[PDB]
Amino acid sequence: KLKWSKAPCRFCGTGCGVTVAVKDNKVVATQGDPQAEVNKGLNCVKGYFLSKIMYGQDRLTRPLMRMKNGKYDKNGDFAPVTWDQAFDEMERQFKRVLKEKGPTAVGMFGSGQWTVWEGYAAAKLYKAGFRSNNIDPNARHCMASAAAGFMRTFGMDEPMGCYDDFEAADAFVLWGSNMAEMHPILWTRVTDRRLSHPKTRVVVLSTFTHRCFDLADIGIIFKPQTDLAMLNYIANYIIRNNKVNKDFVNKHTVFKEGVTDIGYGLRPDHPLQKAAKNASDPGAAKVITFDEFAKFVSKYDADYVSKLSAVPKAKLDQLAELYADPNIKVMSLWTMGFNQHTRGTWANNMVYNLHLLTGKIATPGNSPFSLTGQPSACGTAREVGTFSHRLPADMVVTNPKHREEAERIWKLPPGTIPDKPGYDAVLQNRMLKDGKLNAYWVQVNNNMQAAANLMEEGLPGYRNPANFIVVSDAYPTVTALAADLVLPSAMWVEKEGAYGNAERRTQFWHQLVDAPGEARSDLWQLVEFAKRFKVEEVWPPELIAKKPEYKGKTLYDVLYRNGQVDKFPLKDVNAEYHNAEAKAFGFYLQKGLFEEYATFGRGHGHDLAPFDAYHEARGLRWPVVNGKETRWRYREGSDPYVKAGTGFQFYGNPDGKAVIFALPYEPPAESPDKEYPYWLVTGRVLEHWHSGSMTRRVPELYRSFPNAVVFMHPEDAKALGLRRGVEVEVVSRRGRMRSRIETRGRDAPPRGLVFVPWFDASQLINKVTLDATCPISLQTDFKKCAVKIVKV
């Protein structure tokens, strides 16, 4: 009676497989997929409520446009309109802005919860169609430091290990990851390894105590940002105790020293930016020797590091010894504590240094493993390259050979792709406020809630009368409330999808149900809108003169009906499932997109299997070469790209070697002071996803954790005259929010620090945070700034 079909979980980058039961157009149940290798049948509480996430009573079903006196008005209340009406106004607004200001004044803010084909369609629309690089995603707030860290150390993105490392590690080292709540099924694999093989050690480092400490053998609370000094201490330890894997280092690594004093990614007239010496080229580095590297880290001794970090020397040593001991297989894990960090690219480099010095990489259990947060920050944002500097498969717009290769695959005139990186996430809000980004489309994110410094940048940027803001969502959100046009979107299994998880596993799903009302997928909206633009309106004449076959053609024709993206006909669609977009445009759009996109990575290290293979499997891990997935990269015998006889080949780098970097501790952008004497850390809880727009509309998840709270040390509550349950304002120099004190909760911070989760749309903690970023990756540090706490 039920029809059960496979899909990845809609939520975290773990990428659990689920099976989904449908009857009469409704998801009636889901279950953890017992045949999926990632989770073998388990989910967490979020996964187990997937059957409720599409059914909030206020699901968007019609376009809503601000209207006054019968026409679009910025000051108008939202009124329902047709799809043609919505797209007419969008078309007017985009064309007006393009003629007056050009493509640097249009933009898109996308998502690592886009399906792979959504992100690819949006990248073509902006980079090849509008000729704008102002497309960037919420994964900018997330994995940008990790991807910069990979490109610097390895020359290619994403982990070289895989989830199988959890069954082989002898020591897990969590560098601020709260896996117990944020990658629950991976933490179950940690817990299984540890309880079943009890010589295994679990080391948890954090700026506050949380549920991971319930398993930890060694728990380390450290001062925000002083992880940089701890990582160097370990490197020094390995060297001073003669535990370098010298053959590995000589064969497979080189050494660089990075430029320092690189500022904090603030507006250029901010005093911190003016103060910095090297903000202009903050990723520069020079070649050095091993010995210069050993000298550099020798400054990071126990006296300096233990005082700076507040971690006792005995613990720094227990930790350093697991890294050093050649017989211990070490899996290091990190998430936003390393990446949302004003030196988080360096921290990424620095944890790879520990593994490179010892040769503990790319083999089972010996695994520096960057955890990804969103379900498709990897499969979509990073691999498709939906970022202001990117092209697909690690390519960059600044490289002329990369632009040539995109223009070849996309059948564009030479010189079509813009060569200068466009506006990244943080800069998009600053340019909106400054009225320089005037037509803007947000899809599958809630960036008004999610971006730091809401009151100074994002809210006045969205409400600026010079700008026109379109938001595609499934539900009302504060982002949609700040927009001018809201488009009702089809979500999760209302559309055929692909998501790529933290271990390079791309997982497909069919469309299993039909969206309510006139909700339509983000994919449909992008490709439909592209019909509204002729090449003569969006391309300089000299490009049309080089491909004159395109005269008078629309972007829909150039980008989507190009002989490639439309080469698979309706008869290729599996007739047992709907496919709304295929029916809408007249060909198998997802398959054509995927196969054209897959041309970028095939034979270049990022190989995706044939489209149909993913509808048959429970994911496959890239590179998929001759039908076989790859579990360990860069290791001979595991990765088909590695030359025989080399042992290891980091073939992202021209000499095949990984880079070890000498980089210092530098302090946060904003630390506590006399006026604002507490650290504010922000983040998540197990039961809610991100902005809460999905989870906090599920009755059981709302009731499990109805409101955000200020987690506070009991001695700090006593010093402030507070008790559990009293209301406070949390206040920074930027803004304020009101919430209740929790001195007895699952997060127990040290004195001087509070933790506030960001899932509650009535408690917008991103009014308080600072949009300072790592200057290399442009990723915001939401994990530390200075606040005071005042009674209401």
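Residue numbers run from 1 along the displayed sequence.
Novice: So which stretch wins on mean C-alpha B-factor, 28-36 or 41-49?
Specialist: Going by the record's values, the stretch with the higher mean is 28-36.
Novice: Which is higher in the entry, the mean Cα B factor of 688-696 or that of 73-81?
Specialist: According to the entry, 73-81 carries the higher average C-alpha B-factor.
Novice: Looking at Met151, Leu272, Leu205, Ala144, which one carries the largest C-alpha B-factor according to the PDB entry?
Specialist: Largest recorded C-alpha B-factor: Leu272.
Novice: Highest Cα B-factor in the deposition, which of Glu456, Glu536, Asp522, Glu383?
Specialist: Among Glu456, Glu536, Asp522, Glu383, the PDB entry lists the largest C-alpha B-factor for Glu536.
Novice: If you rank every modelled residue in this chain by C-alpha B factor, which third holds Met54: lowest, middle or highest?
Specialist: Its C-alpha B-factor belongs to the lowest third of this chain's values.
Novice: Going by what the PDB entry lists, where does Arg740 fall on CA B-factor within its chain: lowest, middle or highest third?
Specialist: Middle third, going by the recorded CA B-factors of the chain.
Novice: Is the Cα B-factor recorded for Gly637 in the lowest, middle or highest third of its chain?
Specialist: Highest third - that is where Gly637 ends up once the chain's C-alpha B-factors are sorted.
Novice: Relative to the other modelled residues in the chain, which third contains the C-alpha temperature factor of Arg66: lowest, middle or highest?
Specialist: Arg66: CA B-factor falls in the middle third of its chain.
Novice: Looking at the temperature factor on the CA atom of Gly422, which third of the chain's modelled residues does it land in?
Specialist: As the PDB entry reports it, the C-alpha B-factor of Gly422 lands in the middle third of its chain.
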